[PDB]
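**Student:** Quick one: this structure, given as structure tokens, is what I'll be asking you about.
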Amino acid sequence: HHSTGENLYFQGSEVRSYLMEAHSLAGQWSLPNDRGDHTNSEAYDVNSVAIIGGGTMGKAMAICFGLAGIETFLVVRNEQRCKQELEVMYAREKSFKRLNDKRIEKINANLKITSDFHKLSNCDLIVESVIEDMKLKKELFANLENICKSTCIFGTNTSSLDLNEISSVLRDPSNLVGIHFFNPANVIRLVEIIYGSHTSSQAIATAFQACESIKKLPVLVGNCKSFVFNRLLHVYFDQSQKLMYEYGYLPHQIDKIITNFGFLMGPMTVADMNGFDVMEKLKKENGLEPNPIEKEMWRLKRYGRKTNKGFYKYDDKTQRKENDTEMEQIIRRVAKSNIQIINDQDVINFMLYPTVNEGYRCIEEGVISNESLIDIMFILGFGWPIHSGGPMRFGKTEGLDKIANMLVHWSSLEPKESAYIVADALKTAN
Ligand SMILES: [Zn+2]
């Protein structure tokens, strides 16, 4: 989960994230019922960390801890392949300006690659990022218990396995917690701290403080919220596509409006980054139906950066983004729409209002709590129309009333599109 840039769509720019993060209450965490909270929970200091597994997430997490000046062991099967893979990663990240030689120097002075466990006995936090094999994970933690100090918090980045199974094998199952970083990890600050049924307040506090010390922004949740992000993403992005085929907007125009609003990157830019084949492979699983722009683009196998052409074009040298004339022909070639879009503000509303509504849809369906969703979106830098203090500036609006009205009005002109059907939880919060 989260390993293919799904949350880049929602990542705020440095400034917008600066301004939006202040409104998250996620630091004020509580476990369910009477299990403990941030007022009554002791955090052990994290002076030393271990990340088990040298895959993409393993490497990305180890980089994050190393960058902060924390002694980090990266425990892998093949130390030599690992150092090689890490070099490719360093080079790719610099090319995106996510890292530079000075920060790589700091990582390297703190990062120790190894395949030996008896190096870990003084580690305060160990996060497993191995293959999704229940028996392997069980034995690995069962293994670490009788070699690590009793204060050691065990993290697992598992997506497909049940956190309680894995704990079901420690003598002390209270120190196992789920920890999800988000790709790309030098860009997205959000981290999910996922509690099991037995996860202790200490484990929670220790993980929280650890993430904070590495300049990440943790949130406490009862399960992984990938489903939520996917749902938000698909609504956001479908709207974004309508701007191209129903209206005459070109990728750089949409993306410019989005980045002007304060997002780090526009949707077409992000889709190219992530590989637009991902979207095709999705409908290849439950076909279909592909919209005019997708239909034609997938034919031409324009998948983004990996195919050097996508919504943009990427020249061969330093792989630099440039506008593409063939893409515009596809756009021009496809009157239309009763819904009015005349200016930049309407463009933003067309994209963001239906995304906000889908969040409320997730809330009322029990997929996510109201508080979790809102803290997450502030942390991402996306923002929210409403916060704990009441109405919140969200573009050229505040609160939910104009949003609710615009959605019902859009539902009038297009009553078949679910994206405009207002949720009861939205009406409620309004
Ligand atoms: Zn997750």
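**Student:** Return the unpartnered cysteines for the chain, using a Cβ-Cβ cut-off of under 4.7 Å.
**Tutor:** Flagged as lacking a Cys partner: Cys64, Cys82, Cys123, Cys211, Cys224, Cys362.
**Student:** In addition: For region 226-430, just say rounded, prolate or oblate: build the C-alpha gyration tensor, square-root its eigenvalues into a ≥ b ≥ c, call rounded for a/c under 1.5, and beyond that prolate if a/b exceeds b/c, oblate if not. Walk me through the intermediate numbers first.
**Tutor:** Numbers: a/c = 1.72, a/b = 1.60, b/c = 1.08.
Taking the square roots of the gyration eigenvalues as a ≥ b ≥ c, region 226-430 is prolate.
**Student:** Given R₀ = 30 Å, what would the calculated FRET efficiency be for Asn146 paired with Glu364, taking r from the Cβ atoms and rounding to 0.05? Walk me through the intermediate numbers first.
**Tutor:** Numbers: r = 46 Å, r/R0 = 1.54.
So the FRET efficiency works out to roughly 0.05.
**Student:** From a point 7 Å beyond the Cα of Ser121 in the direction of its Cβ, which residues of region 13-56 have a backbone N at a distance under 19 Å?
**Tutor:** Once the point is set 7 Å along Cα→Cβ of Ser121, 47-51 turn out to lie under 19 Å by backbone N, inside region 13-56.
**Student:** Then there is this: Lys427 to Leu300: FRET efficiency via 1/(1 + (r/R0)^6), r the Cβ-Cβ distance, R0 45 Å, to the nearest 0.05? Walk me through the intermediate numbers first.
**Tutor:** Numbers: r = 43 Å, r/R0 = 0.96.
With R0 = 45 Å, the Cβ-Cβ based efficiency is 0.55.
**Student:** Straight-line reach from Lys106: which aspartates and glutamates fall under 19 Å, measuring Cα to Cα and dropping same-chain residues less than 8 apart?
**Tutor:** The reachable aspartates and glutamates, counting only those whose Cα sits under 19 Å from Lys106, are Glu71, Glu85, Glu87, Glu93, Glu212.
**Student:** So between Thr4 and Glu328, what do we pick up on full extension, going 0.36 nm a residue minus the alpha carbon distance?
**Tutor:** Details: separation 324, 0.36 × 324 = 116.64 nm, distance 2.70 nm.
Here the segment from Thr4 to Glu328 would lengthen by 113.9 nm.
**Student:** Please report the antiparallel percentage of DSSP beta bridges with both residues in the chain, rounded to the nearest 5.
**Tutor:** 30
**Student:** Let me ask you something else. If you take every DSSP beta bridge whose two residues both sit in region 1-225, what share of them, in percent to the nearest 5, is antiparallel?
**Tutor:** Looking only at bridges with both residues in region 1-225, the antiparallel portion is about 15 percent.
**Student:** Return the loop-located trypsin sites (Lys or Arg not before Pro) in region 205-309 (DSSP other than H, G, I, E, B) with at most 15 other Cβ atoms within 10 Å of their own Cβ; answer none if there are none.
**Tutor:** Details: sites: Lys215, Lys216, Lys225, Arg231, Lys242, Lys256, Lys281, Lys283, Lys284, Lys295, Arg299, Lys301, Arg302, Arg305, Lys306, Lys309; in loops: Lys215, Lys216, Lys225, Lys301, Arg302.
Qualifying residues, ordered by number: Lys215, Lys301.
**Student:** Still on this structure: Any of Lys283/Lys306; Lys242/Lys301; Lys119/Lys149; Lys313/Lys416; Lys59/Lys97; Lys94/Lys306 with alpha carbons more than 23 Å apart? Name them for me. Intermediate values should be presented prior to the final figure.
**Tutor:** Details: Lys283/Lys306 20 Å; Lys242/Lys301 20 Å; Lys119/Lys149 12 Å; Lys313/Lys416 35 Å; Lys59/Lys97 18 Å; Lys94/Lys306 17 Å.
In this structure, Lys313/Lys416 exceed 23 Å between Cα atoms.
**Student:** List the residues, sorted by chain then number, that are 5 or more residues from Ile386 or on another chain and whose placed amide H is less than 5 Å from its amide H.
**Tutor:** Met392
**Student:** With a ≥ b ≥ c the root eigenvalues of the C-alpha gyration tensor of region 1-85, is it rounded (a/c under 1.5), prolate (a/b larger than b/c) or oblate?
**Tutor:** Numbers: a/c = 2.17, a/b = 1.36, b/c = 1.59.
Oblate.
**Student:** By counting other Cβ atoms within 10 Å of each Cβ, how are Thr318, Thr199 ranked from fewest to most? Numbers along the way, then the final one.
**Tutor:** Working: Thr318 7, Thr199 27.
Final ranking by Cβ density, sparse to dense: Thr318, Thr199.
**Student:** Exposure proxy check: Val408, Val177, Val228, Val187 ranked by fewest other beta carbons within 10 Å? Walk me through the numbers on the way to the answer.
**Tutor:** Values: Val408 13, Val177 26, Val228 21, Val187 16.
Ascending Cβ contact count within 10 Å gives the list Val408, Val187, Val228, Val177.
**Student:** Something else now. Can you give me the Cα centroid spacing of region 289-309 and region 363-402 in angstrom?
**Tutor:** Computed from Cα coordinates, the inter-centre distance equals 33 Å.
**Student:** In debye, nearest 20, what is the charge dipole magnitude of the chain about its Cα centre with +1 on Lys and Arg Cβ and -1 on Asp and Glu Cβ, if you could check?
**Tutor:** On the way: 50 positive and 54 negative charges, 263 e Å.
Its charge dipole is roughly 1260 debye.
**Student:** Evaluate the distance, in nm, between pseudo-label points positioned 7 Å from the Cα of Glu398 and of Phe227 along their respective Cα→Cβ axes.
**Tutor:** It is 3.6 nm.
**Student:** Using R₀ = 51 Å, calculate the FRET efficiency as 1/(1 + (r/R₀)^6) where r is the Cβ-Cβ separation of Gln209 and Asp344; round to 0.05. Provide the component values of the computation, followed by the final result.
**Tutor:** Values: r = 42 Å, r/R0 = 0.81.
So, using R0 = 51 Å, E works out to roughly 0.75.
**Student:** Also, quick follow-up: Give the separation of the Cα centroids, region 21-58 to region 212-253, in Å.
**Tutor:** Between the Cα centre of region 21-58 and that of region 212-253, the gap is 24 Å.
**Student:** Classify region 222-305 from the C-alpha gyration tensor, please: rounded if a/c falls under 1.5, else prolate or oblate depending on whether a/b exceeds b/c.
**Tutor:** oblate
**Student:** OK, next. Excluding same-chain residues fewer than 8 positions from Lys138, which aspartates and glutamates have a Cα within less than 18 Å of its Cα?
**Tutor:** Those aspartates and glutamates meeting the cut-off are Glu128, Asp162, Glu165, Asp172.
**Student:** Once you put a point 7 Å from the Cα of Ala335 and another 7 Å from the Cα of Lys102, both along the Cβ direction, what distance in nm separates them?
**Tutor:** With each label point 7 Å from Cα toward Cβ, the separation is 5.9 nm.
**Student:** Along the positive direction of the dipole of the chain (beta-carbon charges: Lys, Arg +1; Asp, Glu -1; about the Cα centre), which of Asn122, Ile368, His38 reaches farthest?
**Tutor:** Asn122
**Student:** Then there is this: Whole angstrom only: what separates the Cα centroid of region 322-346 from the Cα centroid of region 103-133?
**Tutor:** Between the Cα centres of region 322-346 and region 103-133 lies a distance of 49 Å.
**Student:** Also, I was wondering about something else. Hey, how much of the P(r) for the chain falls beyond 28 Å, as a percent of Cα pairs? Walk me through the numbers on the way to the answer.
**Tutor:** On the way: 48006 of 92235 pairs.
Counting every Cα pair in the chain, those more than 28 Å apart make up 52 percent.
**Student:** Sticking with this one: Give me the compactness ratio for region 1-225, meaning the Cα radius of gyration over 2.2 N^0.38 Å. List each step's numbers first, then the result.
**Tutor:** Details: Rg = 16.7 Å, N = 225, 2.2 N^0.38 = 17.2 Å.
Dividing the Cα radius of gyration by 2.2 N^0.38 Å gives 0.97.
**Student:** Between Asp316 and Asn78, how many nm apart are label points set 7 Å from Cα along the C-beta direction?
**Tutor:** 2.8
**Student:** Counting only helical runs of four or more DSSP H residues, what would the 222 nm mean residue ellipticity of the chain come to if each run contributes -39,500 (n - 2.57) and the total is spread over all its residues?
**Tutor:** Numbers: 17 runs with 191 residues, N = 430.
The helix contribution divided over the chain gives -13500 deg cm²/dmol.
All Cβ positions, even for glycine, are placed from backbone atoms using ideal geometry, and neighbour counts span all protein chains on display. Quick note: the coordinates plus some simple rules give every number you see, no bench work behind them.
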